[PDB]
Amino acid sequence: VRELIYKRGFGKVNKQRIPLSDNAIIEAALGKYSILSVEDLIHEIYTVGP
Amino acid sequence: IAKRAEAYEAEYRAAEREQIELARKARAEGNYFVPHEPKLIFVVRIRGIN
Amino acid sequence: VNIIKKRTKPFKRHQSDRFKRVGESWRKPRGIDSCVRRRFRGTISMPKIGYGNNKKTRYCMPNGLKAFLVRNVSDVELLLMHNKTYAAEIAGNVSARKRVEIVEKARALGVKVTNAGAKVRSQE
Amino acid sequence: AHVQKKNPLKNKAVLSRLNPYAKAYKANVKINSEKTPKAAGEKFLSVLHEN
RNA sequence: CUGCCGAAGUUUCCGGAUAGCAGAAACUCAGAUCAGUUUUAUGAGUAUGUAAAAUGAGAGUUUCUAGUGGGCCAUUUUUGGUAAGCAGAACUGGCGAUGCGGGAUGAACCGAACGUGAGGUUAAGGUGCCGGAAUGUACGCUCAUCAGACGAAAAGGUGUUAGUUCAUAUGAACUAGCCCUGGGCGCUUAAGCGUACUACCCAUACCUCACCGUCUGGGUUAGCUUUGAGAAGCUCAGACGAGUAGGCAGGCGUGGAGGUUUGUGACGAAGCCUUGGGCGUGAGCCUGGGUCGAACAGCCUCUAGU
RNA sequence: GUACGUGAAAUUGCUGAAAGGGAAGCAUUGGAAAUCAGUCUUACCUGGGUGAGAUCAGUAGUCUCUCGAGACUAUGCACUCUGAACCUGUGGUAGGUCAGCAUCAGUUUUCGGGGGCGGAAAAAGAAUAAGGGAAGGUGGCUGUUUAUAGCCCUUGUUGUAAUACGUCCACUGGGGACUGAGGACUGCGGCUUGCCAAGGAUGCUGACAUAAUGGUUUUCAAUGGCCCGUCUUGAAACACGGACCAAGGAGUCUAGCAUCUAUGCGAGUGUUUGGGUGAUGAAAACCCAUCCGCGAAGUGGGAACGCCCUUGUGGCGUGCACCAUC
């Protein structure tokens, strides 16, 4: 889960394939759910959060 | 973000060790401990579109 | 900045080498049962937009300049500001009286001429 | 922005940007120092060593 | 000439009016709905339909308007068959509009569906030589004096291999496998067959990058010394790329006309020739040299015996 | 040179070069030979000397615009300027193709080293204090039981063993290949204003350039490559058309109708049957008298807007087009 997100991680930002090269990309698209960084995205995926 | 990342890594280590300790206790006591099924599944497509 | 050409061979019309009546200029094969249209193996290539060259280096000569056709001295003076992007090309119908005056003018302007030594000799 | 994608698992500088926690990780931590008690009762061994 | 969309090949009534398929326009919506989806449960009879959880995608229209309005093969289902085959329907997709790797070769088989390329990695199939890749490893089976390799076929075998079982070290009855009888060169403790495990080969497939185009989403004016306002420009980002009928867009070329280039030309127009050079994905265009001898062209628009 | 402007293609003769076992044949990649583009250092910077002259004068006039802006004229060449000519500089700095290396970035491939954890907290095993047993039996003698060899099982045993395997390290050391897109600065980070492997390649060198790099033609080698169009047909099979080249050669004009777009005006709209007029072509353009043709004949949702005010959220109103309700 960690290596796939770090090397092949690409967000769907406004119907576009935007790589997760910055935490502000994930925060701008998943900040509504208290997800702010890439390790928070990994944590949600790995532990299957709410 | 750094504090959140440290907490996640601490949670992973504790969750892995407790699984090991539970299995060790069941093995010593002679009982059988079945780990919980996983909620996360990584699916890869192997056949083409034809 | 180097000019990259995706292809240098021209696209010849199919079966243009078997008949003199069929010219080399590319014609799209309309035959349905034609192997060239269906793009089999060993069949020739066809003009596709994929072969299109880089926009930045399009129309550029191998020396990095774009050709500008010149018919008189007034045309060559337009390239005062664009002498590092364009090369003067004197037209084929411009006489030798004007070819010499274009070449001398293009020399002071710092403009390359692609055919500057045409229809003239030298006298040192 | 982002002309070229850099892998955090190879570029340490990009990893430090993405994860402000790699500077203090301590990947290898000694757990079993000097105890290592063999935990396998005779009941488990008999069931395992069967047939 | 290029680019972008792109079917259907058939329900239904009956040559048709429909519809379906594919586009155009105007509408209302993403806090709305939808699905060759999977469930849950209600019932009803392992399935079934209905109603209400997961997953994915913003959805629903209205109007009018091109083409199709054959089948083949294959799968499954099938009813009777009936020398045996088969025939008959139905069910479902693929091809028909479609190239590519393998399959000796081949249109139905195995992979895979296509912009132009560099590198990497694979699929199917392969690695003795033709042929890219182990004359690889570990077990066995097979001797053919037609193997194998890619119906007389059932069986017989003083034919084997492993043998089992039962009788008292042997014999009988048996249990199967293989042989005998009934693509090329070549291979035989295989380069055959079966199993297991490493390595290796390469497709237009997959990944990373560059470039082309299209589509989509943005940004850009008290036009700031970043000057990049042909705003019809400039710029940023992502995805995508087969294609018949047909739909749509932008371009190339020809004769003549209005305007324009204060245009070219006897110091050589037009034309033609050329293993001269260049530009464009292409239609095409520019140019050197030779030949030649009087006219001719670029740009905006108009026109057609183009 | 009357076989007469230009003189294409098919076709023919000669000459030269190359190739050639029962086709040619084209494509892809290179070689060879022939033949081309295809280019160069030459300028910048900084002087000093010398003289030169105006856009320079502690200068005088004229002309055209409008004081001062251009054009000149006379004089000076002192002040400024002219990278201004030359002498003196021997000062500096030096672009195109092809190569080598280094430091990097993206991608990738291939060898290692170290460590954590898990597995019966590996199984074994050694060491090892014992007990028991039998063997395919040592000694004694096939049978036999540690001897004059040992083995197996069990506990014990050092122990918290080691190793293998699995998994993990934001642990680390090399080798190879392919790419370098973008073009002031912005950002996210790491170090300590600065620095950096952090929103995409730069350094250090050479040689050749005056050949290399390429390109073209011919030809060879390797690999591939069934004849085009039409009709047929799932598909092909087919059957047709094709000796070769040049020129000609097929959705045109017009009347009506309907959709759509553009343009003009708009309850209107349309000058060209005709009349007026038009001296520079007068079949144009321009003007319009009377007709006539065609047209005319309340409640909900909602675009858009204002006001708020817990401010976003929502609410309060005004509600086009259009669709539902009376």
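For this deposited structure, the header cites cryo-EM as the method used and 3.0 Å as the resolution.

As annotated in the PDB entry, chain D carries the name 60S ribosomal protein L4-B and comes from Schizosaccharomyces pombe. Anyone opening this PDB entry will find it titled "Ytm1 associated 60S nascent ribosome (-Fkbp39) State 1B".

Under the PDB entry, the name given to chain A is 60S ribosomal protein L7-B, and the source organism is Schizosaccharomyces pombe.

Bringing the overall build of chain A into the picture now. Of the regular secondary structure elements, chain A holds 3 helices and 2 strands. Listed N to C, the secondary structure of chain A is α-β-β-α-α in terms of helices and strands. By the compact-globule yardstick of 10 Å for 50 residues, chain A fits well, its C-alpha radius of gyration being 10 Å. The buried share among the 50 residues of chain A stands at 34%. Considering only contacts in chain A between residues 6 or more positions apart, those separated by 24 or more positions represent 24%.

The next point concerns the packing of helix α3 (residues 38-47) of chain A against helix α1 (residues 2-29) of chain B. It is at 10 Å that the axes of α3(A) and α1(B) come closest, and there the two elements cross at 30°. In terms of axis orientation, α3(A) runs roughly parallel to α1(B). The two elements α3(A) and α1(B) cross, and the hand of that crossing is left-handed. Side by side, α3(A) and α1(B) meet where A:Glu39, A:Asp40, A:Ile42, A:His43, A:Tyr46 and A:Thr47 of the first sit next to B:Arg4, B:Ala5, B:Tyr8, B:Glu11 and B:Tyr12 of the second.

With that out of the way, let us pick up the side chain of C:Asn83. Residue and element names in this part refer to chain C. With respect to the helices and strands, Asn83 occurs in the loop between α2 (73-77) and β2 (86-90). Among the polar contacts listed, one links the side chain of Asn83 to the backbone oxygen of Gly110, at a separation of 3.1 Å. Beyond its immediate sequence surroundings of up to four residues, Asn83 is in contact with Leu65, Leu109, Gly110 and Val111.

Of note, A:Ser37 is situated in the loop between α2 (23-30) and α3. A distance of 2.6 Å separates polar atoms of two side chains, one belonging to A:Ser37 and the other to A:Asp40.

The next point concerns the interface of chain A and chain D. Opposite the 12 residues of chain A that make contact, chain D presents 10 residues. With both sides pooled, the region where chain A packs onto chain D buries about 1000 Å², and carbon together with sulfur makes up 58% of that total. When the buried surface of chain A facing chain D is broken down by residue, A:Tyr6, A:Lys7 and A:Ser21 rank first, second and third, together holding 51% of it. Taken together, the connections running from chain A to chain D amount to 0 salt bridges. Going through the elements one at a time, α1 (2-8) and α3 of chain A are the ones with two or more residues in the side of chain A that touches chain D. Considering every element that reaches the side of chain A that touches chain D, the biggest residue donor is α1(A), with 4 residues. For the side of chain A that touches chain D, the class distribution of residues is 5 nonpolar, 3 polar and 4 charged.

Parameters at a glance
- Residues numbered from 1 in each chain as written, not as in the entry; some residues may be left out.
- Chains lettered and ligands numbered in written order.
- Part of a larger assembly, values for the part shown.
- Heavy atoms only, no water.
- Helix = DSSP H or I, 4+ residues; strand = E, 2+ residues; numbered from the N terminus.
- Rg over C-alpha atoms; globule rule 2.2 N^0.38 Å.
- Buried < 20%, exposed > 50% of the residue type's maximum accessible area, 1.4 Å probe, protein only.
- Contact = heavy atoms within 4.5 Å.
- Axes fitted to C-alpha atoms, helices over the stretch in contact; angles between N-to-C directions.
- Parallel < 35°, antiparallel > 145°, perpendicular 65-115°, else oblique.
- Left-handed = near helix turned anticlockwise from the far one by under 90°.
- Polar contact = N/O pair within 3.5 Å; in protein donor to acceptor, adjacent residues only side chain to side chain.
- Buried area = accessible area lost by both parts, 1.4 Å probe.
- Salt bridge = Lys/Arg side-chain N within 4 Å of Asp/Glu carboxyl O.
- Nonpolar A, V, L, I, M, F, W, Y, C, P; charged D, E, K, R; others polar.

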